[PDB]
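*Asks:* Numbering (the entry's author numbering), first residue to last: -3 to 131.
Using N, Cα and C, we set each Cβ at its ideal position, and we do this for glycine too.
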Ligand SMILES: COc1ccc(Cc2n[nH]c(=S)[nH]c2=S)cc1
């Protein structure tokens, strides 16, 4: 049967980005990775099997994959090579992904808005908005 996380499932392509270089700077990403990652045009592939959600990010820069259960912490190696402890929950229909490392924290929110999947990335004060559409 259906679940509310159904509206996220599918294959999504990046269609716009704003402020991503400044977000990456705030996170601590170095120059060369920021340039190559900022050029990426990832696809995001989201699937669900039982309680396990899988999110893949695929681009010329990096191919990543995370699988998780809502509310249950996991260790993640990010595309920019941070080793983080992540927890993802659903808060009023928004997937909220918190990454903790070296005493720092960033939050990535994913929500459905019209036919878009909007990704908002926040690192102290700095937000980047990345908009995806169905592939
Ligand atoms: C903090 O620097 C980062 C750099 C790149 C990535 C990979 C990625 N994943 N997801 C989206 S929306 N876009 C991209 S390019 C992740 C973090």
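(1) In terms of alpha-carbon separation, which member of 45, 92, 13 lies closest to residue -2?
(2) Closest to residue 118 by C-alpha separation, out of 65, 49, 106, 67, would be which residue?
(3) Just checking my contact of residue 7 with residue 131 at CB under 8 angstroms: how many whole Å lie between their CB atoms?
(4) Below 7 angstroms CB to CB, which residues in the same chain sit around residue 14 once its five sequence neighbours on both sides are set aside?
(5) Jot down the residue ranges of each uninterrupted beta strand (DSSP E) in the segment -3 to 57, minimum 3 residues, whole runs only, in chain order.
*Replies:* In terms of the structure at hand:
(1) Nearest to residue -2 by alpha-carbon distance, out of 45, 92, 13, is 45.
(2) The candidate whose alpha carbon is nearest that of residue 118 is 106.
(3) A Cβ-Cβ distance of about 4 angstroms is found for the pair residue 7 and residue 131, placing them in contact under the 8 angstroms criterion.
(4) Excluding positions up to five away in sequence, the list reads 124, 125.
(5) For the segment -3 to 57, whole beta strand (DSSP E) runs of length 3 or above, ordered along the chain, are 6 to 14, 39 to 45, 48 to 54.
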